[PDB]
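1. Quick one, structure for this:
(4 chains, ligands or ions: 6)
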4 protein chains.
Amino acid sequence: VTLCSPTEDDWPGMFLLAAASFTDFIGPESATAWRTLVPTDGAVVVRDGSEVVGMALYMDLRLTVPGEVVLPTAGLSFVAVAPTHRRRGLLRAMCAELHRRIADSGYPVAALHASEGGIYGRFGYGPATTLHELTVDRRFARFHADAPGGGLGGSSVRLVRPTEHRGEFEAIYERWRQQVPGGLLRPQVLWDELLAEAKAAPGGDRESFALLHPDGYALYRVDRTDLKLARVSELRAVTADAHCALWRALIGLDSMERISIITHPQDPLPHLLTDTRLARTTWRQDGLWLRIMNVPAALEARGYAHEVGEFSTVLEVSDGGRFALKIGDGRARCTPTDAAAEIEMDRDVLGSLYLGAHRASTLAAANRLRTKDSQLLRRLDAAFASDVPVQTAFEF
Amino acid sequence: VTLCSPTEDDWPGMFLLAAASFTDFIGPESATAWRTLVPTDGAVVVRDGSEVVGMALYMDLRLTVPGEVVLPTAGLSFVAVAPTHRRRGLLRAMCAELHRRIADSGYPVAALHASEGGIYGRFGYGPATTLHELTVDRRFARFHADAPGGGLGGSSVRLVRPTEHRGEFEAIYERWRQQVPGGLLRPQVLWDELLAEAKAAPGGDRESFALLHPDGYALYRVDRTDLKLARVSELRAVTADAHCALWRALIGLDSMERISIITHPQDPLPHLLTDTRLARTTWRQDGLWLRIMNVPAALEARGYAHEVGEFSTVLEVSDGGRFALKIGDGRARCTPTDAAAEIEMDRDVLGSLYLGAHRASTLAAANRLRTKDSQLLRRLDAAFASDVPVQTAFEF
Amino acid sequence: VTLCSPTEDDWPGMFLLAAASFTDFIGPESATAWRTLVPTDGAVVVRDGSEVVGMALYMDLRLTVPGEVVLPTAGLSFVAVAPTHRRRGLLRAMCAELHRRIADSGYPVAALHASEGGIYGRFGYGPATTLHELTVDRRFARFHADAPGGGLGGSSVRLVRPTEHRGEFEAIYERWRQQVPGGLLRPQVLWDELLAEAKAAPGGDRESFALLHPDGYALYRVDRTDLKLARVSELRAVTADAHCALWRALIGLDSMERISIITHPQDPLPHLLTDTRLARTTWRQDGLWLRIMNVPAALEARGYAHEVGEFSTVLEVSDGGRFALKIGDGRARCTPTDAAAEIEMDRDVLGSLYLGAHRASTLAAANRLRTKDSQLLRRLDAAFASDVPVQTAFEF
Amino acid sequence: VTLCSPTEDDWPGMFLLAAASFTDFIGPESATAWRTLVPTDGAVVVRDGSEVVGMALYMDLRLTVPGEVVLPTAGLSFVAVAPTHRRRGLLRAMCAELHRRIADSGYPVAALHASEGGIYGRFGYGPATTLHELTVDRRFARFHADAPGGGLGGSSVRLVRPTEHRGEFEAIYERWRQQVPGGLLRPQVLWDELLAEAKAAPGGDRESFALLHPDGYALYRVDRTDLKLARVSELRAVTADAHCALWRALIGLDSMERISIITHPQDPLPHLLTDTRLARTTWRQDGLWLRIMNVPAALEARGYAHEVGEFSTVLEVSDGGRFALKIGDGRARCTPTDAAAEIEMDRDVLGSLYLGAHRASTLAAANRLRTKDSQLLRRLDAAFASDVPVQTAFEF
Ligand SMILES: CC(C)(COP(=O)(O)OP(=O)(O)OC[C@H]1O[C@@H](n2cnc3c(N)ncnc32)[C@H](O)[C@@H]1OP(=O)(O)O)[C@@H](O)C(=O)NCCC(=O)NCCS
Ligand SMILES: CC(C)(COP(=O)(O)OP(=O)(O)OC[C@H]1O[C@@H](n2cnc3c(N)ncnc32)[C@H](O)[C@@H]1OP(=O)(O)O)[C@@H](O)C(=O)NCCC(=O)NCCS
Ligand SMILES: CC(C)(COP(=O)(O)OP(=O)(O)OC[C@H]1O[C@@H](n2cnc3c(N)ncnc32)[C@H](O)[C@@H]1OP(=O)(O)O)[C@@H](O)C(=O)NCCC(=O)NCCS
Ligand SMILES: CC(C)(COP(=O)(O)OP(=O)(O)OC[C@H]1O[C@@H](n2cnc3c(N)ncnc32)[C@H](O)[C@@H]1OP(=O)(O)O)[C@@H](O)C(=O)NCCC(=O)NCCS
Ligand SMILES: NC[C@H]1O[C@H](O[C@H]2[C@H](O)[C@@H](O[C@H]3O[C@H](CO)[C@@H](O)[C@H](N)[C@H]3O)[C@H](N)C[C@@H]2N)[C@H](N)C[C@@H]1O
Ligand SMILES: NC[C@H]1O[C@H](O[C@H]2[C@H](O)[C@@H](O[C@H]3O[C@H](CO)[C@@H](O)[C@H](N)[C@H]3O)[C@H](N)C[C@@H]2N)[C@H](N)C[C@@H]1O
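-> Numbers count the residues shown, from 1 in each chain, chains lettered A, B, ... in the order given. Ligands and ions are numbered 1, 2, ... in the order given. Now the structure:
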């Protein structure tokens, strides 16, 4: 039982572990298209002797952080251990090895989508974003008088087939993912897989449809079993007008009873209607997890709030070291130090705070970050707060 | 069809309307005990001729706003129109007559709990707090190493009967309601009714039990049909230690599978556990609704964030007039004016912003509040943000 | 095992059988009030030897048949055989004995409400009325432009306590039950029990409410578990304006989501709304069962349609004999004969046709009534067709 | 916003609008086969400017009315508007244009199947047939002694594969559709679609089977998820003997617990069983909708009841003129007039009455048809009543 990099002979064996560990595994076909994003020396395997019984890999992704700064991010995926080799310490060996490779490759941050909220708590990964499923009873849904595009006249939204307007979607998404914190770059290979999942599979999902705006798009599909529910798989909108214009079209679906969308907590849809409660939050869960690899490099690259007063403090990470942090006028200075620490927090506590979805005061009451200065807490709350609402791009 | 104040002969007719309109009507018995909080001329009735076919009233309450300031608040309750006289315009007359009396009684703000999120949107009421039902699978629940009171020793929490410790609960709640925004003063009569609902009703609710801490308490009861669920009806905790100590006791219930609590979104519970995903938000809804009656009086009495630069702007309320606002050092200056306005919003929009549950940027994207200056928006978001997270006190 | 009339000592044993056989047994308390409607030698018991192990009785009722004629009707009720003595022939012995007593007392017709549609098919009882449960989604419900009382002004419907208006309910019901086919007389003892079932029972049903009109009333209650459903237990309307005005009030219950009512197939409610489909038929079942005791007495006393041409024919009942029937201008002559039979049907087939709920053409297609004259068949459909729609009064 | 006839270049765009608006859309393949029934200039489209956003068409169909007379009927189908162009008045323009085209082609009546019972209420369409689902628990279902084919002997029903016996099915249906009111002519192209849906689709419906009587056929299939329910999609029987013969076969399916069938209210199935209540009506809805295009041409071509006295009256339609009607001996005379009106009804009210599914007394109670003569009402009920029970043919 040892650890090494995989070969071409290992890939048929890696699909077998994937299909048995992941129920939503996209088959042996699509995993090759996802492989084009995995860099060389970006995957680890464990053999027994010998059959492959452990695997874990990261992808080269581009995550947008607050202040429209794009960071190279290691996207952890395909992390699976055979049921016959658990409790031994294969995950502990694989994840510790990959982080060593991620740190050598020069990645400031590492990210993943968790299957459970307890596996990746100690590994330094913290829930950085929040998924927020909204379900709208569209039969009662009526827009507020203040909602944009209230008058009569040719609406700027069109009902189009998703595969026939690909070039337009790639352009809109690119404009979205650069200005919205949490946005990820979608390469050519990922549009290939997303657009192939739009056509109706025999015995699977229904045919997807698209609503097209010059500054946004809605990618929806009717549920296979619930023929009265339209499930919006994707909603990208650049302008505030584009968001409202796409929803007037979505509630326009007179064939449907309900419209469901997995979105972000600060979605302005509830206020867009007369009855705010008609946009019910049916489901809430953490989305994208973050592990800050390079502490000073990640904190400096992020954009902060201009509203907060200029302050300086010494921050301590569990086993990441001790860092001096200077925040003022939107930008931050971060350099390694050894002066007396004011705030003490674990590696995963910084992960949650980074994108600004979780307040430090909330984590302080939970005693996840410790400080004797209560005024410093109020300043970290304001400084880490993102100007543009945090969103989850896509699952990987 | 005429509107007037109720006499002693009207109450028997009023209880008829109340029982036919509200399914959870406490009965003609308990409604008289709730009446002791309604001031003279604080109720209105509509008769047909003659039987009463429309009623509305408010209660004298004390709401705590950001900055530990306690405001006199009109608590709109018992608002019902007979099913034989709907679409006739009885509510429009009654609510207008009560607001008149509320303004003449010098109340800065009015408050209610909505049965539907669309009825009171036009009357100036906006969702001021947010409810957040957390269901924790306690079997999988394990506390984080950072959680307070992690070591062994005699726990300061006791399992006591709620009716036998009334003096302690009243003392703890009074401390809680004064320091937490959204907190309401609970008089002698409401404590009488709360403890009356603790005892198990024949064929109804089960017997309530209490967990008592020197600085907090937990009121819970087993669900009538779900024998494995413990429903925490009330959780009040003054100190950060008390919150954690009470939750160790609640997860200590080895008889139960799940512990459910209706709380606020900023609850530190999920971070207390090793698995944050175990504290599942099963239900989300608006709680307390607010209508600002006296605009300058309400805004000046409120405490604001220090972590924002001093600014001044002219705010306009759709039909409430025009006001100049100066925010600096956590306090605000507000007086009526007629100089050009920089921000335009409806009366209900201010209600949502007041306690600081909703951000101004979110309402701006929904075009509920309008401005040309985007810098002002960022400042309004930070200034209105509550330091101590907002909580819903009780339902009325 | 012997059959005889019951004494005073038998009653405590009868209530044991009733409680063990009927789930909705009103207890030993209320069954004594129902006993005041059972005439002397109108009840039979079967003892073992000695304990009572079989019971059956009939009540002196007054059924209104087409043409506003009221016939004294024996109402079979409390028919139960102990589980320890079934498949023995106790029911066949009891029912034959009661049919002897009914015919000796001189009742033209016999009536019951069946627990299964197969037990009383052989005994001569046929499904005489059809129950029709309509559940209306009142949130979507909007009245048609042609619906009576569709303007502004004081509505003539009141929301009242049912127990405080007994005098008016009895008066309206009496006017209703006399003009509507299938209507039964309700004695003082039954109004006693009806109003006693209106009050809220601890762990049972909720408090019942009433909507009163000069020419009609509606008794409704919110379901014990479904707090968004209001069940109309009773809707007596004399005039067409009363029916419409009560349904404006019923849909006026803004507290509820759905209004359910068990009524008749010829209810004008669906056409009273803009969308006829909003009044969905959620449940269909047979109501009152009818067995003609005296074939010539019943057919003569009934009222027939004036539209059909005058015809004379000979009909035969399987074991009831052969009768010549002369139908012309509302009234009919029925005298026993030995001439050639043109129509042949079982005793229960006449029972179904009598009130005019089931057409003869439907039974002829099923071969329940036989004839070689198809022109005679069309004349039977028109003649037995009730001018005023057939309704079920109350269950017994 | 322009309305015109569709070209060949419009069809790919029309399929997109069809698939998005209809969930049960038969795909771009099958819609071409249905288009062989759409006559030249029998379709309309609305373009934006240009993309097609509104569409509506009618099919050349042959409906059988009471009296075995077959009328050419325009079958409205594919009527849909884009979700981006609703509340604009596209349906009002399209339907009015088609009604203008239908009248020019010389059609007496127009027909459709509605998605909601409120959209086509004002356009002149009324519920003309009634759907009636019956779920029979075949485990308890035992046939009555009077039911045809009682004793032993070789049954004249066979279990056959539907695709191998196309010739007989077309022969039986043609006999059925000509003698039964509501019967539609099913051309060569529609039998292609019906038999193509018989084969088991991967992940969809299961293999369809057929029961063949020389005078009737039964098309059934086991439900996708409910492996104990046999869904009878089609039951056509010419003789009353065949109807009973097929049901002995259907209840013969010992693999099933329940047999469901969407039929008509006057189905003689319950009277075939010893327990009439085993044939439970689980579902009840309106079927075919009829708009009378030519008032005198349709009324004269219909067969009326012989069992009614001869009468003459003047009928009006709100905005469709005034007509003199004379009914006697089964046939009617109708010519446009301007003499004082006796009966006043909307255009859709006549549609409901025409096929004889809805009684005039019920519609007069709901004030949908007004007359001061109550005697005239009783005669309209008897005259319009169809001798042969009305049935829904197929869904279009
Ligand atoms: C695959 C995998 C992580 C388990 O491998 P494993 O061999 O049990 O992991 P290890 O033995 O190295 O465990 C190391 C630590 O992680 C924790 N851990 C591992 N799997 C866990 C799980 N499913 N839930 C909670 N904690 C887990 C253990 O508590 C352990 O702590 P310790 O060091 O104090 O003993 C595990 O998640 C699994 O089997 N899941 C199914 C496949 C899957 O869906 N993967 C997740 C993709 S995001
Ligand atoms: C009680 C009550 C307001 C009904 O009275 P009503 O006579 O319909 O009220 P009015 O006719 O004065 O309504 C005036 C306006 O309020 C709106 N409105 C009133 N009740 C409403 C409801 N239940 N939902 C949505 N909007 C409502 C109407 O749209 C109307 O607008 P308009 O002025 O443009 O016509 C109504 O809320 C009700 O019946 N609710 C059930 C009883 C209850 O539980 N009370 C509410 C507790 S929050
Ligand atoms: C009460 C009662 C009928 C049972 O008595 P029993 O001794 O089984 O009746 P018998 O043996 O005299 O049955 C005589 C005939 O009636 C029929 N019958 C009796 N009970 C029946 C039932 N529950 N369902 C269908 N048919 C029944 C039998 O087919 C039998 O026919 P047969 O003479 O060809 O054998 C029976 O219905 C029962 O026990 N029900 C529970 C109490 C109850 O609810 N009463 C009925 C209210 S309508
Ligand atoms: C197709 C269609 C009716 C939408 O068109 P539309 O542009 O909204 O119709 P219009 O704006 O011309 O509406 C005209 C009238 O019809 C009524 N109406 C339109 N759609 C309606 C619906 N879904 N339900 C009830 N009423 C409706 C409106 O009340 C309006 O009345 P008004 O003249 O008093 O304002 C609509 O049914 C739809 O979008 N559904 C999806 C496709 C479908 O299923 N069609 C029905 C096939 S049978
Ligand atoms: N317009 C504001 C409305 O507020 C209240 O409704 C509210 C009820 O009062 C609430 O009931 C609560 O308050 C009542 C007393 O009013 C208590 O008896 C009960 N235990 C408690 O749950 C219930 N939980 C929610 C409901 N919206 C008033 N009853 C009616 C009034 O019209
Ligand atoms: N063979 C005819 C049978 O009719 C009745 O059953 C019927 C019950 O009497 C009915 O109960 C009704 O009648 C009883 C009184 O009999 C009322 O107390 C009750 N509120 C009311 O619902 C109930 N709704 C239906 C049931 N089939 C008799 N109880 C028993 C008798 O054998």
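
2. Near the residue nearest to residue A:241 when sequence neighbours are not counted, how many other residues are there?
-> Spatial nearest neighbour of residue A:241, chain neighbours left out: residue A:148 (5.0 Å); criterion: CB to CB, 6 or more residues apart in numbering or on different chains. Using the backbone N, CA and C atoms, a C-beta is placed for each residue, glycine as well. By other CB atoms under 10 Å in any protein chain shown, the residues close to residue A:148 number 17.

3. what's the answer for residue A:215, then?
-> Residue A:215: 18 neighbours (other CB under 10 Å).

4. swap in residue A:264?
-> 18.

5. who's in contact with it?
-> A:129-132, A:389-392 (CB atoms under 8 Å, 6 or more residues apart in numbering or on different chains).

6. if you set the cut-off to 10 Å instead, what comes out?
-> Residues near residue A:264 by CB atoms under 10 Å, 6 or more residues apart in numbering or on different chains: A:129-132, A:134, A:180, A:182, A:287, A:357, A:389-392.

7. what does the stretch 251-396 of chain A put close to ligand 4?
-> Within the stretch 251-396 of chain A, the positions near ligand 4 by CB under 6 Å from any ligand atom are A:254-255.

8. quick one: the residue of the stretch 251-396 of chain A found nearest chain C from residue B:318, how far?
-> Residue of the stretch 251-396 of chain A nearest chain C, by CB to the nearest CB: residue A:257 (11.6 Å). Plainly put, residue A:257 is 34 Å away from residue B:318 if you go by CB to CB, to the nearest Å.

9. And for residue A:213?
-> 29 Å.

10. Please say which of these two ends up with more neighbours.
-> Between residue A:213 and residue B:318, counting by other CB under 10 Å, residue A:213 is the more crowded of the two (24 against 14).

11. correct me, but the more buried one touches residue A:176?
-> No - applying CB atoms under 10 Å as the test, residue A:213 and residue A:176 come out as separate, 11.7 Å apart.

12. any residues in contact with both of these two?
-> A:236-238, A:242.

13. For chain A, give the residue positioned nearest to ligand 4.
-> Closest to ligand 4 within chain A is residue A:254: 3.5 Å, counting by CB to the nearest ligand atom.

14. What count of nearby residues applies to that residue?
-> With other CB under 10 Å as criterion, residue A:254 counts 15.

15. go on, the one 5 residues further on?
-> Residue A:259: 24 surrounding residues under other CB under 10 Å.

16. tell me the contacts of it?
-> A:134-138, A:141, A:218, A:220, A:229-232, A:247, A:250-253, A:269, A:279 are the contacts of residue A:259 under CB under 10 Å, 6+ apart.

17. Where does residue A:78 sit: helix, strand or coil?
-> Using DSSP: H, G, I helix; E, B strand; the rest coil, the structure places residue A:78 in strand.

18. hang on, it packs against residue A:52?
-> No - judged on CB under 10 Å, residue A:78 makes no contact with residue A:52 at a distance of 11.9 Å.

19. Now do the shared contacts for these two.
-> Joint contacts of residue A:78 and residue A:52 (CB under 10 Å, 6+ apart) are A:14-15, A:17.

20. between those, which is nearest chain C?
-> Nearest member of the shared contacts of residue A:78 and residue A:52 to chain C, counting by CB to the nearest CB, is residue A:17, at 48.3 Å.

21. Look at the closest one and give its secondary structure.
-> helix.

22. mind checking how far it is from residue C:108?
-> 83 Å.

23. Same question for residue A:12.
-> Taking CB to CB, one finds residue A:12 at 88 Å from residue C:108.
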